[PDB]
Amino acid sequence: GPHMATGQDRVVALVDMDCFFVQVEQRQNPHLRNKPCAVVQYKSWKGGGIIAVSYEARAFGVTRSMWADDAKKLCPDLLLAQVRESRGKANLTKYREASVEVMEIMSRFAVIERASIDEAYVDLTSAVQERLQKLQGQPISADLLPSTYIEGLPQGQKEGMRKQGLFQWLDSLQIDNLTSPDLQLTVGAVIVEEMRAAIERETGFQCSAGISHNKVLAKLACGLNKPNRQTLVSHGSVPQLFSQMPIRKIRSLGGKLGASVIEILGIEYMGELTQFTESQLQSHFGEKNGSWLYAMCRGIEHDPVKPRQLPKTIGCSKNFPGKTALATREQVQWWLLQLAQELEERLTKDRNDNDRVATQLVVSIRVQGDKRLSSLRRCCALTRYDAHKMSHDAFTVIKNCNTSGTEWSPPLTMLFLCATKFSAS
DNA sequence: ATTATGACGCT
Ligand SMILES: [Mn+2]
Ligand SMILES: [Mn+2]
Ligand SMILES: [Mn+2]
């Protein structure tokens, strides 16, 4: 009872830009705004592959990882913006720079963990305490939460429901108790409204957000009310929310482990996990995953918000699928040089902006007909930011997968160069 | 033949 800690010590938010690459292109080209549109990579094979879809286009069924020519069959008015091509490959620079604009704004409010190009986690605990002291017992007005949903409410027109749920929540609030977790989540959500208003003011970009007590719940909440909304998931709402949440919807259970939870335990929903003891879960899924599942199904997770705004590795990848696979020495050399040239550019920019050098070069390849996504991965030193040297070293490090007697066999379906092991410069 | 990245666990 009194000693069963409930993991309500922290206020954590997950901010995620709505259809991020599409918004970046829509800011740049007003003719795309408020339209069914999508962002693609390449154009020759089937119109190119869609990696980002506006909500207007999604309403027609257009999804990521879909071919543009197929999307056009669902949505013939679909507008398409194309990723930049440099040295014969996709160049995502525009989106990395847009991402940095957003991250730098978020960083003004609290310490952030960059979780992907378009999303970050925020530890708001200190911010909420400061703000709660600032109110001096003053109650929280619905006006301060104009885009916030309270998950699970109302109980007992879309905006009409949102406001009812918010009203129920605020009326039930204990504003004098500066230690109530629900009050803390609420103040956290006020701050997140402010953060999202500043992001939209200063970039033009809209985003959604989740506010809860840990990373997994913040992330799951962010997705409940997209786009351009934020959702507060309280500790108390977890039992009902999880009672019908498919296990695969939880961060990190979307794959094989989640499938084995479902198969081994004979269950479907997150809530069913509560009926197992911790030892039972550790037995089936190992001691780490077991402890983590035993606390997660009760709404409790301790993974911290890491103070890390910048990527820990800088990478350059190109697939050579089908008949385009690289089959000669000259080919592998030229593409290693193109990849190494983009890598050099990004690394030099990184060293000047962020005062750090990478010290290790990771070369990964896929060979044709190999089942694995990484047929091989080998590392070597990264000592100077010179593309010719980096490409030569990647060759040097991979050339003994060539089984020819100036040819390359098995032909290469993927090259990948990754700079890692950063040290302050 | 969606591609292009990137974090992190396991051993
Ligand atoms: Mn997003
Ligand atoms: Mn997405
Ligand atoms: Mn995202």
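Chain letters run A, B, ... following the sequence lines, proteins first, then strands; residues in each count from 1.
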**Study point:** B:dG6 OP1/OP2 closer than 4.0 Å to side-chain N/O of A:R346
**Key:** yes
Review point. Given atom CD of A:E85 and atom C1' of B:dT3, what is their separation to the nearest angstrom?
Key: 12 Å
Review point. Is there a ring-ring contact (aromatic ring centres under 6.0 Å, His included) between A:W292 and A:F285 once you walk through the steps?
Key: CA-CA 10 Å; A:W292 182 85; A:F285 314 118; over 10 Å; no
Check your understanding: Got a sec, which residues hit salt bridge (charged side-chain N to carboxylate O under 4.0 Å, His left out) with A:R308, two or more places apart in sequence or on another chain?
Key -> A:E113
**Study point:** Separation of B:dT3 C1' from A:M66 CE (nearest whole Å)
**Key:** 16 Å
Exercise for review: Report which part of the nucleic acid A:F416 touches: base, sugar-phosphate, or nothing (heavy-atom distance under 4.0 Å, all strands).
Suggested key: nothing
Exercise for review: Round to a whole Å and report the spacing from CG of A:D70 to P of B:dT3.
Suggested key: 13 Å
Atom pairs and distances, side-chain donor-acceptor, residues 407-414 of chain A, under 3.5 Å, sequence neighbours left out:
residue : atom : partner : partner atom : Å
A:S409  : OG   : A:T403  : OG1          : 3.1
A:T413  : OG1  : A:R366  : O            : 3.3

Point to revise | Separation of B:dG6 P from A:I51 CD1 (nearest whole Å) | key: 13 Å
**Study point:** Interatomic distance, A:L92 CG vs B:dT5 P [rounded to whole Å]
**Key:** 5 Å
Review point. Would you find a donor on one side and an acceptor on the other, under 3.5 Å apart, between the side chain of A:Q23 and the backbone of A:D18?
Key: yes
Check your understanding: Taking OP1 and OP2 of B:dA4, is either one under 4.0 Å from a side-chain nitrogen or oxygen of A:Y42?
Key -> yes
Review point. Do NZ/NE/NH1/NH2 and the carboxylate oxygens of A:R251 and A:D303 come within less than 4.0 Å?
Key: yes
Check your understanding: Mind checking whether A:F20 and A:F205 have parallel, tilted or perpendicular rings, split at 30° and 60°?
Key -> perpendicular
Revision key, fill the gap. 5'-most contact on DNA chain B (nearest-nucleotide basis), A:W45 vs A:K318, goes to A:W45
Review point. Any donor-acceptor pair under 3.5 Å linking the side chain of A:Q338 with the backbone of A:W334?
Key: yes
Check your understanding: Tell me: CG of A:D118 to P of B:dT5, nearest whole Å?
Key -> 16 Å
Review point. Is A:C316 touching bases, backbone alone, or none of the nucleic acid, heavy atoms closer than 4.0 Å?
Key: sugar-phosphate
Exercise for review: For A:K323, answer base if it contacts any base atom (sugar-phosphate contacts may also be present), sugar-phosphate if it contacts only those atoms, and nothing otherwise; contact means non-hydrogen atoms under 4.0 Å.
Suggested key: nothing
Exercise for review: Take atom CZ of A:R366 and atom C1' of B:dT3, then tell me their distance rounded to the nearest Å.
Suggested key: 10 Å
Review point. What's the CG-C1' distance between A:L343 and B:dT5, to the nearest Å?
Key: 12 Å
Check your understanding: Can you tell me if the side-chain N/O atoms of A:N319 get under 4.0 Å from OP1 or OP2 in B:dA1?
Key -> no
Nucleotide N/O to protein N/O under 3.5 Å, stretch nucleotides 7-11 of chain B:
residue : atom : partner : partner atom : Å
B:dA7   : OP1  : A:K312  : N            : 2.6
B:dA7   : OP2  : A:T313  : OG1          : 2.4
B:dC8   : OP1  : A:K306  : NZ           : 2.7
B:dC8   : OP2  : A:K312  : NZ           : 3.0

Practice item. Tell me what A:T324 touches on the nucleic acid: a base, only sugar-phosphate, or nothing, going by heavy atoms under 4.0 Å. Key: base
